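Trainee: Pasting coords-v8.cif here (mmCIF, C-alpha atoms):
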```cif
data_upload
#
loop_
_atom_site.group_PDB
_atom_site.id
_atom_site.type_symbol
_atom_site.label_atom_id
_atom_site.label_comp_id
_atom_site.auth_asym_id
_atom_site.auth_seq_id
_atom_site.Cartn_x
_atom_site.Cartn_y
_atom_site.Cartn_z
ATOM 1 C CA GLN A 1 7.434 -4.948 5.099
ATOM 2 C CA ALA A 2 4.424 -3.415 6.889
ATOM 3 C CA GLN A 3 6.721 -1.578 9.276
ATOM 4 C CA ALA A 4 8.149 1.951 9.312
ATOM 5 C CA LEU A 5 6.207 3.248 6.310
ATOM 6 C CA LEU A 6 5.501 6.746 5.058
ATOM 7 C CA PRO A 7 5.176 9.352 7.841
ATOM 8 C CA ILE A 8 1.794 9.840 9.500
ATOM 9 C CA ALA A 9 1.649 13.169 7.683
ATOM 10 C CA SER A 10 1.619 11.311 4.368
ATOM 11 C CA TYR A 11 -1.740 9.846 5.410
ATOM 12 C CA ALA A 12 -2.900 13.004 7.192
ATOM 13 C CA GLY A 13 -6.643 12.992 6.632
ATOM 14 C CA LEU A 14 -6.723 9.786 4.614
ATOM 15 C CA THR A 15 -8.105 6.276 4.827
ATOM 16 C CA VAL A 16 -5.261 3.756 4.761
ATOM 17 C CA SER A 17 -5.396 0.046 4.126
ATOM 18 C CA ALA A 18 -5.163 -2.543 6.919
ATOM 19 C CA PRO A 19 -1.537 -3.580 5.990
ATOM 20 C CA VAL A 20 -0.418 0.039 6.331
ATOM 21 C CA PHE A 21 -2.838 0.828 9.152
ATOM 22 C CA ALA A 22 -1.725 -2.041 11.393
ATOM 23 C CA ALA A 23 1.874 -1.274 10.508
ATOM 24 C CA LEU A 24 1.336 2.390 11.271
ATOM 25 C CA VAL A 25 -0.203 1.465 14.615
ATOM 26 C CA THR A 26 2.935 -0.628 15.056
ATOM 27 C CA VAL A 27 5.235 2.407 14.719
ATOM 28 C CA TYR A 28 3.080 5.528 15.097
ATOM 29 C CA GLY A 29 0.327 3.895 17.108
ATOM 30 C CA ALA A 30 -3.425 4.394 17.014
ATOM 31 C CA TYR A 31 -2.617 7.537 18.969
ATOM 32 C CA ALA A 32 -0.741 9.176 16.100
ATOM 33 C CA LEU A 33 -3.053 7.624 13.515
ATOM 34 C CA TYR A 34 -6.032 9.109 15.338
ATOM 35 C CA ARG A 35 -4.169 12.391 15.477
ATOM 36 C CA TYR A 36 -3.587 12.659 11.747
ATOM 37 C CA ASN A 37 -7.094 11.439 10.941
ATOM 38 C CA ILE A 38 -5.651 8.229 9.572
ATOM 39 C CA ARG A 39 -8.509 5.791 9.169
ATOM 40 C CA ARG A 40 -8.635 2.166 8.042
ATOM 41 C CA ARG A 41 -10.358 1.283 4.790
ATOM 42 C CA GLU A 42 -11.180 -1.738 2.640
ATOM 43 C CA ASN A 43 -8.549 -3.773 0.828
ATOM 44 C CA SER A 44 -10.402 -4.996 -2.240
ATOM 45 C CA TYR A 45 -7.634 -3.682 -4.486
ATOM 46 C CA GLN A 46 -4.066 -2.347 -4.517
ATOM 47 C CA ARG A 47 -3.875 0.124 -1.662
ATOM 48 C CA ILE A 48 -0.476 1.574 -0.850
ATOM 49 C CA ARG A 49 0.811 5.127 -0.449
ATOM 50 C CA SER A 50 3.295 4.574 -3.295
ATOM 51 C CA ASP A 51 7.028 4.238 -2.592
ATOM 52 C CA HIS A 52 9.623 5.338 -5.074
ATOM 53 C CA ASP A 53 9.590 4.003 -8.601
ATOM 54 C CA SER A 54 5.984 3.039 -8.053
ATOM 55 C CA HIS A 55 3.377 3.474 -10.777
ATOM 56 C CA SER A 56 0.255 1.994 -12.294
ATOM 57 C CA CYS A 57 0.325 -1.352 -14.093
ATOM 58 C CA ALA A 58 -2.060 -4.111 -15.223
ATOM 59 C CA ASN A 59 -4.169 -1.397 -16.889
ATOM 60 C CA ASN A 60 -4.110 0.388 -13.520
ATOM 61 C CA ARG A 61 -5.554 -2.727 -11.941
ATOM 62 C CA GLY A 62 -2.326 -3.141 -10.046
ATOM 63 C CA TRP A 63 0.068 -0.775 -8.317
ATOM 64 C CA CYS A 64 3.802 -1.254 -8.874
ATOM 65 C CA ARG A 65 5.327 -1.747 -5.452
ATOM 66 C CA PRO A 66 8.733 -3.078 -4.286
ATOM 67 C CA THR A 67 6.725 -5.343 -1.994
ATOM 68 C CA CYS A 68 3.122 -6.525 -2.073
ATOM 69 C CA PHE A 69 0.841 -6.525 0.962
ATOM 70 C CA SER A 70 -1.906 -8.947 2.012
ATOM 71 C CA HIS A 71 -4.632 -7.781 -0.403
ATOM 72 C CA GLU A 72 -2.451 -7.862 -3.482
ATOM 73 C CA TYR A 73 0.146 -10.222 -4.918
ATOM 74 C CA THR A 74 3.160 -10.338 -7.189
ATOM 75 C CA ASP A 75 1.829 -10.384 -10.730
ATOM 76 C CA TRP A 76 4.866 -11.454 -12.727
ATOM 77 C CA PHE A 77 3.375 -10.438 -16.066
ATOM 78 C CA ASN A 78 2.961 -6.790 -15.192
ATOM 79 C CA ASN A 79 6.054 -7.180 -13.027
ATOM 80 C CA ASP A 80 7.795 -7.068 -16.390
ATOM 81 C CA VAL A 81 6.007 -3.814 -17.297
ATOM 82 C CA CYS A 82 7.011 -2.456 -13.889
ATOM 83 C CA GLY A 83 10.706 -3.168 -14.281
ATOM 84 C CA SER A 84 12.194 -3.479 -10.815
ATOM 85 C CA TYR A 85 8.923 -3.327 -8.897
ATOM 86 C CA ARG A 86 6.400 -6.117 -8.946
ATOM 87 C CA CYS A 87 2.834 -5.525 -10.034
ATOM 88 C CA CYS A 88 0.638 -5.713 -6.984
ATOM 89 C CA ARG A 89 -2.569 -7.172 -8.375
ATOM 90 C CA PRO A 90 -5.486 -7.494 -5.876
ATOM 91 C CA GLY A 91 -5.617 -10.845 -4.148
ATOM 92 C CA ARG A 92 -3.021 -13.129 -2.630
ATOM 93 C CA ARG A 93 -1.832 -15.457 -5.388
#
```
How does this structure look as C-alpha cells?
Mentor:
Amino acid sequence: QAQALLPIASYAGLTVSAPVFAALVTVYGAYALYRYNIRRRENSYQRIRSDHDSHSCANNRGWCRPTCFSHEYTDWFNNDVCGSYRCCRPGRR
C-alpha cells in the first residue's frame, strides 16, 4: 500500500492526503506532484482517490477501500456494508 497509486493526472490540480502524497513522491516524485499541482492536505478523515469497488460507508463517515491508510482504520461493522472492501473510518484503531 501507499505505493504506485492513481496516476498523477488523477490528482491533477488537487490536494492529496499525506499517505498518497508521500507515496506519490515515492513513485512520481515531488517533481511530478509539483507539475500536476498535487498538494498535500490534512488527514482528519478518509482521504483516498477511490480505487475500484470503493464507495461511501458509515453514513459517509468512512470510505470503502481495499486497504486503509494512516488516518483511517478498518471498521469491521461498515466493512460488512462494504462487502469486500473495508470501511476506512478516520483514525487508526
Trainee: Show which residues sit within 7 Å of residue 54 of chain A, as a ChimeraX atom specification. Count only C-alpha atoms, and ignore same-chain residues fewer than 2 positions away.
Mentor: /A:50-52,64-65
Trainee: Grab the residues selected above and save them as a compact mmCIF listing (two decimals), in the coordinates of the input with C-alpha atoms.
Mentor:
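The resulting part.txt:
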```
# COMPACT_ATOMS: atom_id res chain seq x y z
CA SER A 50 3.30 4.57 -3.30
CA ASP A 51 7.03 4.24 -2.59
CA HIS A 52 9.62 5.34 -5.07
CA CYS A 64 3.80 -1.25 -8.87
CA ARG A 65 5.33 -1.75 -5.45
```
Trainee: Mind pulling up the distance from atom CA of residue 81 of chain A to atom CA of residue 2 of chain A?
Mentor: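 That distance, rounded to one decimal, is 24.2 Å.
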Trainee: Looking at A:18, A:84, A:31, A:40, which one is nearest to residue 70 of chain A, with distances taken over all atoms listed in the file?
Mentor: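 Going through A:18, A:84, A:31, A:40 one by one, the smallest distance to residue 70 of chain A is for A:18.
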Trainee: Any chance you could resolve the PyMOL selection byres ((chain A and resi 55) around 12) against this file and give the residues as a PyMOL selection string?
Mentor: chain A and resi 46+48-54+56-66+78-79+81-88
Trainee: Could you work out an axis-aligned box for segment 21-35 of chain A, taking every atom the file lists and adding 8 Å on each side, and report centre and edge lengths in Å to one decimal, as AutoDock Vina command-line options?
Mentor:
```
--center_x -0.4 --center_y 5.2 --center_z 14.1 --size_x 27.3 --size_y 30.4 --size_z 25.8
```
Trainee: Which residue gives the smallest distance to residue 20 of chain A among A:92, A:5, A:75, A:67, with only C-alpha atoms counted?
Mentor: A:5
Trainee: Report the residues retrieved by the PyMOL selection byres ((chain A and resi 22-27) around 12) from the displayed file, expressed as JSON, numbers by chain.
Mentor: {"A": [1, 2, 3, 4, 5, 6, 7, 8, 9, 10, 11, 16, 17, 18, 19, 20, 21, 28, 29, 30, 31, 32, 33, 34, 35, 36, 38, 39, 40, 41, 48, 69, 70]}
Trainee: Which one of A:89, A:47, A:42, A:15 sits closest to residue 77 of chain A if you count all atoms listed in the file?
Mentor: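 Closest to residue 77 of chain A, using all atoms listed in the file: A:89.
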